[PDB]
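K.L.:
Please see the structure below; I have some questions.
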Amino acid sequence: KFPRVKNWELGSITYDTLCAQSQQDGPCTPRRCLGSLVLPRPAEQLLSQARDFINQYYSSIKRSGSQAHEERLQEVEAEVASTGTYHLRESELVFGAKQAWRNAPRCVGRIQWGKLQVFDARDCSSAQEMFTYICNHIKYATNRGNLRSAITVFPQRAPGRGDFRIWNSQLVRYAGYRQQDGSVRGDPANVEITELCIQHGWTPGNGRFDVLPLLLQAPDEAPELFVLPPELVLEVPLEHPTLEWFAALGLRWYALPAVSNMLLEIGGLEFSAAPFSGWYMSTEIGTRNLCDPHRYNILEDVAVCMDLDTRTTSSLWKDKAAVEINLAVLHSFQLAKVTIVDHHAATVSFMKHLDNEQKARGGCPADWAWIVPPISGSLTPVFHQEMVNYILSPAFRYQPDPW
Amino acid sequence: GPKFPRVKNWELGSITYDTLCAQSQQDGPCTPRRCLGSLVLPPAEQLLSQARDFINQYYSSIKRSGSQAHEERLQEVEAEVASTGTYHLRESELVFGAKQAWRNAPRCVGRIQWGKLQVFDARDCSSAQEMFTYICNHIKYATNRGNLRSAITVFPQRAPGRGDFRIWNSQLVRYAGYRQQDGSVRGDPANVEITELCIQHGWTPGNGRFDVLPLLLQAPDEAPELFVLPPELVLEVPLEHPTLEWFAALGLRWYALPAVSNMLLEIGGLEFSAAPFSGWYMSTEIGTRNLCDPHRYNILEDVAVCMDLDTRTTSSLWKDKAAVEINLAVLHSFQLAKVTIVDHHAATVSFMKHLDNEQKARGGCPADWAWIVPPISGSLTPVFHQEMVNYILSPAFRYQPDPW
Ligand code: HEM
Ligand code: HEM
Ligand SMILES: N=C(NCCC[C@H](N)C(=O)N[C@@H](CCN)C(N)=O)N[N+](=O)[O-]
Ligand SMILES: N=C(NCCC[C@H](N)C(=O)N[C@@H](CCN)C(N)=O)N[N+](=O)[O-]
Ligand SMILES: C[C@H](O)[C@H](O)[C@H]1CNc2nc(N)[nH]c(=O)c2N1
Ligand SMILES: C[C@H](O)[C@H](O)[C@H]1CNc2nc(N)[nH]c(=O)c2N1
Ligand SMILES: [Zn+2]
């Protein structure tokens, strides 16, 4: 029943009893674990999810069982029985948003979960309106390099009607232009979305870091193209602290990470468009985006620049190159006074979070493969920490691409 | 589409379906409610079906499934288990089972070599002293003066009532761990307990940072006897860095032969409580875990100081910089001393090749992602981008309780 969770660096042991609160199934079975896979292969229902969430809400404000709680439960009941759905009060939406983040098994920056600026954009009715909301989110979230965690929530999904959607995976991304020989100019992960924009009328550029335009879609309407104001998108030029030649690579990366393709679920209500943003962990840029073989794959260039023996693996030219690249990122952002957290500082904070959560809820869902950084795994405390992964709600989930 | 786990490699975009998982006959630690994938430690009738299953596996491997020899061996096993409670494997069956266990090991990234394993049968062994002889022969052959050769020595199987054959040490070669007066540990903290058992058993302990421990071998129903390994047999590699001339002055060293010895080899229901196996190292086992783990030698800070790095702030990546040089030092000294070793880049690339081989051969390959991805430079190796299905196949290697 209750799993024994152990830390092999300290020898400490805990028991996760929070997992018993999981109402949704994961991909694993007793016959085989599929935990390393990235994606997941009625009034009665909604009403129970709803009641559960309203319960979670009143416990949070410690007025559980009070009159306000009973009344709110009747309100939800009344509305669903009559209309087959219901709506969240703004304070409830704020609570749910923070809970969804807190329960995100794959997020290592959850120690911040309680500090989330929630923008209610549920009174939105057009791509143009979505665009203004998104532009405000960015201005606020970016805050002159002193990033602030924020989420903007658009109109919930409705039976029969189409979903409100942001077609980009993130609010800010660089284009990927397929060229003559199947090669790619820019970010290879964004080839498809870069072409969808062009197909909808965007005048493509020809650089390695062309910030893409947003394709916003209001219910049952073809998406609309919007270009983000260059001054709204803060970027950081990457230069190395000692290798004067690094800058010559002209590498640069935007300061704001803001997933916009995930779905936010609360009390059974589904918000198909709810972009969120906190701040980068340096490895996301230095390791994954700049070094993945299917991304900017610059590992070799930096290696040759450092004059390394890229002739053999055992020379570890790749490992050496990666480290400087990550150092270059940390340095640059620090130099541009833009918020960023290295993977050591980040994982250290997660461990406290795991402790805070152990005492607060008796456990914490975590996905090991995602919590452990892409470089220097065992050198971080999370590597040595066993973790239990299960699905809690409020939750952020993946959803199909709208095309 | 196919009703089997879909597996994707996000670097190449390719897909496969694992159908091999259908063959697993033992539940794992997970359930639809929660994944415990990251946890390290998560009846004549029953023995009969396990054995029949194995025999079938054997005859399939030699392409004689359904034949008379097959149907006769099955008859033979039932007869034997029927009038004794257990049964015995044939030479060729043990060799096939030992290799399959290696082959089925979810946590081993070196499985591409599973085919080339030297199986030393030692089921005749009847004393602790003879256990020592067998082990010394293993080390001698496996070490092969630096050109390591995969091998496993199988001792007598667990018998009804009779005591198990057990090697008390975790590996045939391990360094001592001495608890100090002030609380710290001299040597390898991981082996503090076994070092204490070697002493409670008459061993005259040394006081170095790298003292090779003696072996505590145990024959059925007898207390363990203490055997000291002849130094000439235990090959060690002094570590030095290729350009940091001062690294050699740290006096760090590591043995060449990794030989797990506390694992139980299970074949067709038979349990081999003592069956030490050895291959060769992946540089990160030494350079990253053993030398840099906080609870091991913990030399990260020392090395960082020597490189004159700013250990006051995390964002300097002093830990990352040192770990890299240490790992390179392990690779450089092994290459220098002509001792077999493989870095995490070559190792993982060869494992990708293995996955591709097993896809065609068995329709899948059970793998533990957390154990396959190396402790450093994770996403720089191809396995990180490879999804993996994990399940228990038999024969297999299993953890077993400490004999004491
Ligand atoms: C305060 C700064 C934060 C940091 C440093 C942080 C860091 C991370 C990192 C490293 C990842 C993995 C990214 C990847 O490898 O693709 C992640 C995933 C995630 N984070 Fe956070 N996070 C932070 C804030 C937030 C906020 C504000 C939210 C939303 C309210 C959030 C929601 C999530 C979710 C949903 C995932 C998993 C997404 C997926 O499955 O792909 N994070 N976070
Ligand atoms: C040929 C060279 C080999 C290499 C490079 C190799 C490499 C590895 C590595 C890196 C690990 C993980 C070590 C750890 O983190 O504790 C491992 C685990 C394992 N290997 Fe291999 N291996 C090789 C040969 C063998 C052989 C000969 C066998 C058995 C016949 C074997 C059986 C296993 C098993 C069962 C595990 C997991 C044990 C556990 O759960 O602690 N390996 N191997
Ligand atoms: N630090 C954050 N990182 C989010 C990183 C998102 C990642 N770069 C990405 O592209 N994720 C894919 C999912 C990749 N499996 C997506 N569709 O958004 N988030 N934040 O709020 O501060
Ligand atoms: N390279 C190998 N490494 C074996 C790794 C052994 C590891 N150092 C260790 O101490 N393992 C624990 C098991 C930890 N789960 C043990 N009890 O032997 N194996 N080989 O045959 O080539
Ligand atoms: C196949 C494997 O699950 C996949 O590559 C995972 C591993 N760990 C990860 N960890 C983080 N933070 N982000 C990722 O995208 C991944 N990808
Ligand atoms: C808690 C976590 O399971 C533990 O630290 C695991 C992770 N991956 C590992 N991988 C290998 N090869 N060896 C190990 O000892 C571990 N330890
Ligand atoms: Zn699992």
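By convention in this document, the chains of the structure tokens carry letters A, B, ... by their order, each chain's residues are numbered from 1, and ligands are numbered from 1 in the order they are shown.
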Write down as a PyMOL selection string the residues of region 36-81 of chain B whose backbone DSSP state falls under helix (DSSP H, G or I).

P.N.:
chain B and resi 44-61+68-81

K.L.:
Store the residues of this selection in a file with N, CA, C and O atoms, as a compact mmCIF listing (two decimals), in the first residue's frame.

P.N.:
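Dumped everything to out.txt:
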```
# COMPACT_ATOMS: atom_id res chain seq x y z
N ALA B 44 6.39 -27.53 -4.84
CA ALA B 44 6.71 -28.40 -5.96
C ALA B 44 5.95 -28.03 -7.23
O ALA B 44 6.48 -28.14 -8.33
N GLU B 45 4.71 -27.58 -7.06
CA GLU B 45 3.88 -27.21 -8.21
C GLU B 45 4.43 -25.93 -8.84
O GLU B 45 4.54 -25.83 -10.06
N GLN B 46 4.80 -24.97 -8.00
CA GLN B 46 5.35 -23.71 -8.49
C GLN B 46 6.73 -23.87 -9.11
O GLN B 46 7.06 -23.22 -10.10
N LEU B 47 7.55 -24.73 -8.50
CA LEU B 47 8.90 -24.98 -9.00
C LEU B 47 8.82 -25.69 -10.33
O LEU B 47 9.62 -25.44 -11.23
N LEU B 48 7.84 -26.58 -10.46
CA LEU B 48 7.67 -27.34 -11.68
C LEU B 48 7.39 -26.46 -12.88
O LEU B 48 8.04 -26.59 -13.91
N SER B 49 6.42 -25.56 -12.76
CA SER B 49 6.09 -24.69 -13.88
C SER B 49 7.24 -23.75 -14.23
O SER B 49 7.42 -23.38 -15.40
N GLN B 50 8.02 -23.36 -13.23
CA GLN B 50 9.16 -22.47 -13.47
C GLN B 50 10.21 -23.22 -14.26
O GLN B 50 10.84 -22.67 -15.17
N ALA B 51 10.40 -24.49 -13.91
CA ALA B 51 11.37 -25.35 -14.57
C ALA B 51 10.93 -25.71 -15.99
O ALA B 51 11.75 -25.71 -16.91
N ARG B 52 9.65 -26.03 -16.16
CA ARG B 52 9.14 -26.39 -17.48
C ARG B 52 9.35 -25.20 -18.39
O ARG B 52 9.78 -25.35 -19.54
N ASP B 53 9.07 -24.02 -17.87
CA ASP B 53 9.23 -22.79 -18.63
C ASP B 53 10.68 -22.65 -19.08
O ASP B 53 10.95 -22.39 -20.25
N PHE B 54 11.61 -22.84 -18.15
CA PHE B 54 13.02 -22.73 -18.49
C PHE B 54 13.44 -23.75 -19.56
O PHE B 54 14.10 -23.39 -20.55
N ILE B 55 13.08 -25.01 -19.37
CA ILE B 55 13.42 -26.06 -20.33
C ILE B 55 12.91 -25.67 -21.72
O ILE B 55 13.63 -25.83 -22.71
N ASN B 56 11.69 -25.15 -21.79
CA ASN B 56 11.14 -24.73 -23.07
C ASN B 56 12.03 -23.64 -23.65
O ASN B 56 12.33 -23.64 -24.85
N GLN B 57 12.44 -22.71 -22.79
CA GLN B 57 13.31 -21.62 -23.20
C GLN B 57 14.61 -22.19 -23.75
O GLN B 57 15.15 -21.69 -24.74
N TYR B 58 15.11 -23.25 -23.10
CA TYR B 58 16.35 -23.86 -23.55
C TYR B 58 16.22 -24.48 -24.93
O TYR B 58 17.01 -24.18 -25.82
N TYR B 59 15.23 -25.33 -25.11
CA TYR B 59 15.06 -25.97 -26.40
C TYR B 59 14.74 -25.02 -27.54
O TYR B 59 15.09 -25.29 -28.69
N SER B 60 14.10 -23.89 -27.23
CA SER B 60 13.78 -22.90 -28.25
C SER B 60 15.09 -22.30 -28.74
O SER B 60 15.27 -22.06 -29.94
N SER B 61 16.00 -22.06 -27.80
CA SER B 61 17.29 -21.46 -28.12
C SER B 61 18.15 -22.35 -29.01
O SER B 61 19.04 -21.86 -29.70
N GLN B 68 11.69 -34.67 -29.45
CA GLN B 68 11.67 -35.76 -28.48
C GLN B 68 12.60 -35.47 -27.31
O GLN B 68 12.26 -35.73 -26.16
N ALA B 69 13.78 -34.94 -27.61
CA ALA B 69 14.76 -34.61 -26.58
C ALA B 69 14.13 -33.62 -25.60
O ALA B 69 14.29 -33.75 -24.39
N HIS B 70 13.42 -32.65 -26.16
CA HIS B 70 12.75 -31.62 -25.38
C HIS B 70 11.69 -32.26 -24.48
O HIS B 70 11.70 -32.05 -23.26
N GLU B 71 10.79 -33.03 -25.08
CA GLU B 71 9.73 -33.68 -24.33
C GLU B 71 10.26 -34.69 -23.32
O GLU B 71 9.59 -35.01 -22.35
N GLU B 72 11.48 -35.19 -23.55
CA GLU B 72 12.08 -36.15 -22.63
C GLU B 72 12.73 -35.44 -21.46
O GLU B 72 12.69 -35.92 -20.32
N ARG B 73 13.33 -34.29 -21.73
CA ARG B 73 13.98 -33.52 -20.69
C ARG B 73 12.89 -33.02 -19.74
O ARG B 73 13.07 -33.00 -18.53
N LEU B 74 11.75 -32.65 -20.30
CA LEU B 74 10.63 -32.19 -19.49
C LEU B 74 10.18 -33.32 -18.57
O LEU B 74 9.89 -33.10 -17.39
N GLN B 75 10.12 -34.53 -19.13
CA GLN B 75 9.71 -35.72 -18.38
C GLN B 75 10.70 -35.96 -17.25
O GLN B 75 10.31 -36.26 -16.12
N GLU B 76 11.98 -35.82 -17.58
CA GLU B 76 13.06 -36.03 -16.63
C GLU B 76 12.99 -35.06 -15.45
O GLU B 76 13.18 -35.47 -14.30
N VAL B 77 12.72 -33.79 -15.73
CA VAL B 77 12.64 -32.79 -14.67
C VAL B 77 11.49 -33.09 -13.71
O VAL B 77 11.66 -33.01 -12.49
N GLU B 78 10.34 -33.45 -14.26
CA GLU B 78 9.18 -33.77 -13.43
C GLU B 78 9.49 -34.98 -12.55
O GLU B 78 9.22 -34.97 -11.34
N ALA B 79 10.06 -36.01 -13.16
CA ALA B 79 10.42 -37.22 -12.43
C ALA B 79 11.31 -36.85 -11.25
O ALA B 79 11.01 -37.20 -10.10
N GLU B 80 12.39 -36.14 -11.53
CA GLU B 80 13.33 -35.74 -10.49
C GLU B 80 12.69 -34.89 -9.39
O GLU B 80 12.84 -35.20 -8.20
N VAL B 81 11.99 -33.83 -9.76
CA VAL B 81 11.34 -32.96 -8.78
C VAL B 81 10.30 -33.75 -8.00
O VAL B 81 10.04 -33.47 -6.83
```

K.L.:
Dump the neighbourhood of ligand 7 as a CSV table (one decimal) with N, CA, C and O atoms, in the first residue's frame: all residues within 12 Å, distances computed on only C-alpha atoms and all ligand atoms.

P.N.:
```csv
chain,number,residue,atom,x,y,z
A,25,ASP,N,-5.4,7.1,-13.1
A,25,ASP,CA,-4.4,6.1,-13.4
A,25,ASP,C,-3.2,6.6,-14.3
A,25,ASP,O,-3.3,7.4,-15.2
A,26,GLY,N,-2.0,6.0,-13.9
A,26,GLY,CA,-0.8,6.3,-14.6
A,26,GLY,C,-0.6,5.2,-15.7
A,26,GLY,O,-1.4,4.3,-15.9
A,27,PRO,N,0.6,5.2,-16.4
A,27,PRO,CA,0.8,4.2,-17.4
A,27,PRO,C,1.4,2.9,-17.0
A,27,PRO,O,1.5,1.9,-17.8
A,28,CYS,N,1.8,2.8,-15.7
A,28,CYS,CA,2.4,1.5,-15.2
A,28,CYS,C,1.4,0.5,-14.7
A,28,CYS,O,0.3,0.8,-14.3
A,29,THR,N,1.9,-0.8,-14.7
A,29,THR,CA,1.1,-1.9,-14.2
A,29,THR,C,2.1,-2.8,-13.5
A,29,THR,O,3.3,-2.6,-13.7
A,30,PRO,N,1.7,-3.8,-12.8
A,30,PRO,CA,2.6,-4.7,-12.1
A,30,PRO,C,3.5,-5.5,-13.1
A,30,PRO,O,4.6,-5.9,-12.7
A,31,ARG,N,3.0,-5.7,-14.3
A,31,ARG,CA,3.8,-6.5,-15.3
A,31,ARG,C,5.0,-5.6,-15.9
A,31,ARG,O,6.0,-6.2,-16.1
A,32,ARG,N,4.8,-4.3,-16.0
A,32,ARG,CA,5.8,-3.5,-16.6
A,32,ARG,C,5.7,-2.0,-16.3
A,32,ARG,O,4.6,-1.4,-16.3
A,33,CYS,N,6.8,-1.4,-16.0
A,33,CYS,CA,6.9,0.0,-15.7
A,33,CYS,C,7.1,0.8,-17.0
A,33,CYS,O,8.0,0.4,-17.8
A,34,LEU,N,6.4,1.8,-17.2
A,34,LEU,CA,6.5,2.7,-18.4
A,34,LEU,C,6.8,4.1,-18.0
A,34,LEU,O,6.5,5.0,-18.7
A,35,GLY,N,7.3,4.2,-16.8
A,35,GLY,CA,7.6,5.6,-16.3
A,35,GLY,C,8.6,6.4,-17.1
A,35,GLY,O,8.6,7.6,-16.9
A,36,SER,N,9.3,5.8,-18.0
A,36,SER,CA,10.3,6.6,-18.8
A,36,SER,C,9.7,7.2,-20.0
A,36,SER,O,10.3,8.0,-20.7
A,37,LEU,N,8.4,6.8,-20.3
A,37,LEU,CA,7.8,7.4,-21.5
A,37,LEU,C,7.3,8.8,-21.3
A,37,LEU,O,6.9,9.2,-20.2
A,366,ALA,N,6.7,13.0,-7.8
A,366,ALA,CA,7.9,13.4,-8.5
A,366,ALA,C,8.2,12.4,-9.6
A,366,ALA,O,8.1,11.2,-9.3
A,367,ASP,N,8.7,12.9,-10.7
A,367,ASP,CA,9.1,12.0,-11.8
A,367,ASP,C,10.6,12.1,-11.9
A,367,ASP,O,11.2,13.1,-12.3
A,368,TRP,N,11.3,11.1,-11.4
A,368,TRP,CA,12.7,11.0,-11.3
A,368,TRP,C,13.4,11.4,-12.6
A,368,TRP,O,14.3,12.3,-12.6
A,369,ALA,N,13.1,10.8,-13.7
A,369,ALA,CA,13.7,11.0,-15.0
A,369,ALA,C,13.7,12.5,-15.4
A,369,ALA,O,14.6,12.9,-16.1
A,387,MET,N,11.7,8.5,-5.4
A,387,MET,CA,10.5,9.3,-5.6
A,387,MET,C,9.3,8.4,-6.0
A,387,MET,O,9.5,7.4,-6.7
A,388,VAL,N,8.1,8.9,-5.7
A,388,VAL,CA,6.9,8.2,-6.0
A,388,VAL,C,6.2,9.1,-7.0
A,388,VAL,O,6.1,10.3,-6.8
A,389,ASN,N,5.7,8.5,-8.1
A,389,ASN,CA,5.0,9.3,-9.1
A,389,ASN,C,3.6,8.8,-9.3
A,389,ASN,O,3.4,7.7,-9.6
A,390,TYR,N,2.7,9.8,-9.2
A,390,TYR,CA,1.2,9.4,-9.3
A,390,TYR,C,0.5,10.7,-9.7
A,390,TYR,O,1.1,11.8,-9.6
B,27,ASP,N,5.4,-9.9,-11.2
B,27,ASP,CA,5.0,-8.5,-11.1
B,27,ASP,C,6.2,-7.6,-10.6
B,27,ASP,O,7.1,-8.1,-10.0
B,28,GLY,N,6.1,-6.4,-11.0
B,28,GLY,CA,7.1,-5.4,-10.6
B,28,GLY,C,6.5,-4.6,-9.4
B,28,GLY,O,5.6,-5.1,-8.8
B,29,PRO,N,7.1,-3.5,-9.0
B,29,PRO,CA,6.6,-2.7,-7.9
B,29,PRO,C,5.5,-1.7,-8.2
B,29,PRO,O,4.9,-1.1,-7.4
B,30,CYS,N,5.3,-1.4,-9.5
B,30,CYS,CA,4.3,-0.4,-9.9
B,30,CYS,C,2.9,-0.9,-10.0
B,30,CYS,O,2.6,-2.1,-10.0
B,31,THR,N,2.0,0.0,-10.1
B,31,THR,CA,0.5,-0.2,-10.2
B,31,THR,C,-0.1,1.0,-11.0
B,31,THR,O,0.6,2.1,-11.1
B,32,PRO,N,-1.3,0.9,-11.5
B,32,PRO,CA,-1.9,2.1,-12.3
B,32,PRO,C,-2.0,3.3,-11.4
B,32,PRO,O,-2.2,4.4,-11.9
B,33,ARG,N,-1.9,3.2,-10.1
B,33,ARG,CA,-2.1,4.3,-9.2
B,33,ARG,C,-0.8,5.1,-8.9
B,33,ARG,O,-0.8,6.3,-8.7
B,34,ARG,N,0.4,4.4,-8.9
B,34,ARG,CA,1.7,5.0,-8.7
B,34,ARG,C,2.9,4.3,-9.2
B,34,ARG,O,3.0,3.0,-9.1
B,35,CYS,N,3.8,5.0,-9.8
B,35,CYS,CA,5.0,4.4,-10.3
B,35,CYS,C,6.2,4.4,-9.3
B,35,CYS,O,6.6,5.5,-8.8
B,36,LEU,N,6.7,3.2,-9.0
B,36,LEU,CA,7.8,3.1,-8.0
B,36,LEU,C,9.1,2.8,-8.8
B,36,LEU,O,10.0,2.2,-8.2
B,37,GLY,N,9.1,3.2,-10.0
B,37,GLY,CA,10.3,2.9,-10.9
B,37,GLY,C,11.6,3.4,-10.4
B,37,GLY,O,12.6,2.8,-10.8
B,38,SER,N,11.6,4.4,-9.6
B,38,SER,CA,12.9,4.9,-9.1
B,38,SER,C,13.4,4.3,-7.8
B,38,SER,O,14.4,4.8,-7.2
B,39,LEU,N,12.7,3.3,-7.3
B,39,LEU,CA,13.2,2.6,-6.1
B,39,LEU,C,14.2,1.6,-6.3
B,39,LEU,O,14.1,0.7,-7.2
B,42,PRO,N,12.6,-2.4,-4.5
B,42,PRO,CA,11.2,-2.2,-4.4
B,42,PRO,C,10.5,-3.5,-3.9
B,42,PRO,O,11.2,-4.4,-3.4
B,367,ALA,N,14.6,-2.6,-19.8
B,367,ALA,CA,15.6,-1.6,-19.3
B,367,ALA,C,15.1,-0.6,-18.3
B,367,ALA,O,13.9,-0.1,-18.4
B,368,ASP,N,15.9,-0.4,-17.3
B,368,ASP,CA,15.7,0.6,-16.2
B,368,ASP,C,16.4,1.9,-16.6
B,368,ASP,O,17.6,2.0,-16.5
B,369,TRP,N,15.6,2.8,-17.0
B,369,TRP,CA,16.1,4.1,-17.5
B,369,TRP,C,17.0,4.8,-16.5
B,369,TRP,O,18.0,5.4,-16.9
B,370,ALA,N,16.6,4.9,-15.2
B,370,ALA,CA,17.4,5.5,-14.2
B,370,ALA,C,18.8,4.9,-14.0
B,370,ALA,O,19.8,5.6,-13.7
B,388,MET,N,12.1,3.5,-22.4
B,388,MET,CA,12.4,2.2,-22.1
B,388,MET,C,11.3,1.5,-21.2
B,388,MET,O,10.6,2.2,-20.4
B,389,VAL,N,11.0,0.2,-21.5
B,389,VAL,CA,10.0,-0.5,-20.8
B,389,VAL,C,10.8,-1.4,-19.8
B,389,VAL,O,11.8,-2.0,-20.1
B,390,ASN,N,10.3,-1.5,-18.6
B,390,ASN,CA,11.0,-2.3,-17.6
B,390,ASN,C,10.1,-3.4,-17.0
B,390,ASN,O,9.0,-3.1,-16.5
B,391,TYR,N,10.6,-4.6,-17.0
B,391,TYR,CA,9.9,-5.8,-16.5
B,391,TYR,C,10.9,-6.9,-16.1
B,391,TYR,O,12.0,-6.9,-16.6
```

K.L.:
Could you tell me, counting only C-alpha atoms and all ligand atoms, which protein and nucleic acid residues lie no more than 10 Å from ligand 5, written as a compact mmCIF listing (two decimals) with N, CA and C atoms, in the first residue's frame?

P.N.:
```txt
# COMPACT_ATOMS: atom_id res chain seq x y z
N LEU A 34 6.35 1.84 -17.24
CA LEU A 34 6.49 2.66 -18.44
C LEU A 34 6.76 4.10 -18.00
N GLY A 35 7.33 4.24 -16.80
CA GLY A 35 7.62 5.55 -16.27
C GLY A 35 8.57 6.43 -17.07
N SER A 36 9.33 5.84 -18.00
CA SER A 36 10.27 6.65 -18.76
C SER A 36 9.66 7.23 -20.01
N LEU A 37 8.43 6.84 -20.33
CA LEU A 37 7.76 7.37 -21.51
C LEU A 37 7.34 8.82 -21.29
N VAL A 38 7.48 9.63 -22.33
CA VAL A 38 7.14 11.05 -22.25
C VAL A 38 5.64 11.31 -22.24
N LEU A 39 4.95 10.83 -23.27
CA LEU A 39 3.51 11.04 -23.39
C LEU A 39 2.69 9.84 -22.97
N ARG A 106 6.61 16.56 -12.84
CA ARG A 106 7.83 16.89 -13.57
C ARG A 106 8.45 18.26 -13.32
N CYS A 107 7.88 19.06 -12.42
CA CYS A 107 8.45 20.38 -12.16
C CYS A 107 9.38 20.40 -10.94
N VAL A 108 10.61 20.86 -11.14
CA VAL A 108 11.62 20.94 -10.09
C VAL A 108 11.66 22.31 -9.40
N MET A 281 15.90 27.03 -15.72
CA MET A 281 16.91 26.37 -14.91
C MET A 281 17.95 26.36 -16.02
N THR A 283 20.13 24.52 -17.20
CA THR A 283 20.36 23.34 -18.03
C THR A 283 19.42 23.23 -19.22
N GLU A 284 18.24 23.83 -19.10
CA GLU A 284 17.26 23.78 -20.17
C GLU A 284 17.84 24.41 -21.42
N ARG A 288 19.95 20.95 -22.85
CA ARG A 288 18.96 20.47 -23.81
C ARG A 288 18.77 21.26 -25.11
N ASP A 367 8.70 12.87 -10.71
CA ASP A 367 9.12 12.00 -11.81
C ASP A 367 10.63 12.10 -11.85
N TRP A 368 11.28 11.06 -11.37
CA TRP A 368 12.72 11.02 -11.29
C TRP A 368 13.44 11.40 -12.59
N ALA A 369 13.07 10.78 -13.70
CA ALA A 369 13.74 11.03 -14.98
C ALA A 369 13.73 12.49 -15.39
N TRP A 370 12.73 13.23 -14.92
CA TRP A 370 12.59 14.65 -15.23
C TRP A 370 13.20 15.57 -14.17
N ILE A 371 13.11 15.16 -12.91
CA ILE A 371 13.66 15.96 -11.84
C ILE A 371 15.19 16.01 -11.91
N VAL A 372 15.83 14.90 -12.28
CA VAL A 372 17.29 14.84 -12.40
C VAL A 372 17.77 15.59 -13.65
N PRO A 373 18.66 16.59 -13.48
CA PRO A 373 19.18 17.38 -14.60
C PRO A 373 19.85 16.54 -15.68
N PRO A 374 19.90 17.07 -16.92
CA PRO A 374 20.51 16.41 -18.09
C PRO A 374 22.03 16.22 -18.04
N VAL B 7 7.10 2.41 -27.88
CA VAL B 7 8.35 2.98 -27.40
C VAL B 7 8.97 3.94 -28.42
N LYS B 8 9.25 5.16 -27.98
CA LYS B 8 9.82 6.15 -28.88
C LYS B 8 11.18 6.71 -28.51
N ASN B 9 11.96 7.02 -29.53
CA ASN B 9 13.27 7.61 -29.34
C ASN B 9 13.09 9.02 -29.84
N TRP B 10 13.11 9.99 -28.93
CA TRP B 10 12.89 11.38 -29.29
C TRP B 10 14.00 12.09 -30.05
N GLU B 11 15.14 11.42 -30.22
CA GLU B 11 16.23 12.03 -30.96
C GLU B 11 16.07 11.71 -32.44
N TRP B 369 15.56 2.83 -17.03
CA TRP B 369 16.06 4.13 -17.45
C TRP B 369 16.99 4.84 -16.46
N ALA B 370 16.61 4.87 -15.19
CA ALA B 370 17.43 5.54 -14.18
C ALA B 370 18.82 4.92 -14.04
N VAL B 373 20.93 5.43 -17.99
CA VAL B 373 21.48 6.76 -18.25
C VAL B 373 22.60 6.99 -17.25
N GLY B 378 24.21 12.97 -18.80
CA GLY B 378 23.04 12.22 -19.21
C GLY B 378 22.46 12.44 -20.60
N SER B 379 22.00 13.66 -20.91
CA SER B 379 21.40 13.90 -22.22
C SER B 379 22.40 13.98 -23.36
N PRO B 382 23.06 8.91 -26.12
CA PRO B 382 21.79 8.60 -26.80
C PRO B 382 20.69 7.93 -25.98
N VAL B 383 21.05 7.16 -24.98
CA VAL B 383 20.04 6.48 -24.17
C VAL B 383 19.06 7.41 -23.47
N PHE B 384 19.54 8.58 -23.05
CA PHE B 384 18.68 9.53 -22.38
C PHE B 384 17.40 9.81 -23.20
N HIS B 385 17.55 9.86 -24.52
CA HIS B 385 16.45 10.16 -25.44
C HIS B 385 15.65 8.95 -25.84
N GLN B 386 15.98 7.81 -25.26
CA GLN B 386 15.32 6.55 -25.56
C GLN B 386 14.35 6.11 -24.47
N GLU B 387 13.07 5.96 -24.81
CA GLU B 387 12.11 5.51 -23.82
C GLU B 387 12.42 4.05 -23.58
N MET B 388 12.05 3.55 -22.41
CA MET B 388 12.35 2.17 -22.06
C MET B 388 11.26 1.52 -21.24
```

K.L.:
Using only C-alpha atoms and all ligand atoms, find each residue in chain B having at least one atom no more than 7 Å away from ligand 4; report its shortest atom-to-atom pair and that distance in Å (one decimal), rows by chain then rising number, as CSV.

P.N.:
```
residue,atom,partner,partner_atom_place_in_ligand_line,distance
B:40,CA,ligand 4,15 (N),6.5
B:170,CA,ligand 4,17 (N),4.4
B:171,CA,ligand 4,18 (O),5.4
B:258,CA,ligand 4,2 (C),4.9
B:259,CA,ligand 4,21 (O),5.5
B:260,CA,ligand 4,18 (O),4.5
B:261,CA,ligand 4,18 (O),6.4
B:262,CA,ligand 4,17 (N),5.9
B:277,CA,ligand 4,21 (O),5.8
B:278,CA,ligand 4,21 (O),3.6
B:279,CA,ligand 4,22 (O),3.4
B:280,CA,ligand 4,22 (O),4.1
B:281,CA,ligand 4,1 (N),4.1
B:282,CA,ligand 4,1 (N),6.2
B:285,CA,ligand 4,8 (N),6.9
```

K.L.:
Pick out the residues no farther than 10 Å from ligand 3, counting only C-alpha atoms and all ligand atoms, and list them as an MDAnalysis selection string.

P.N.:
(chainID A and resid 38:39 101 106:110 147:151 168:173 189:190 255:262 275:285 288:289 340:341 370 398:399 401) or (chainID B and resid 10)
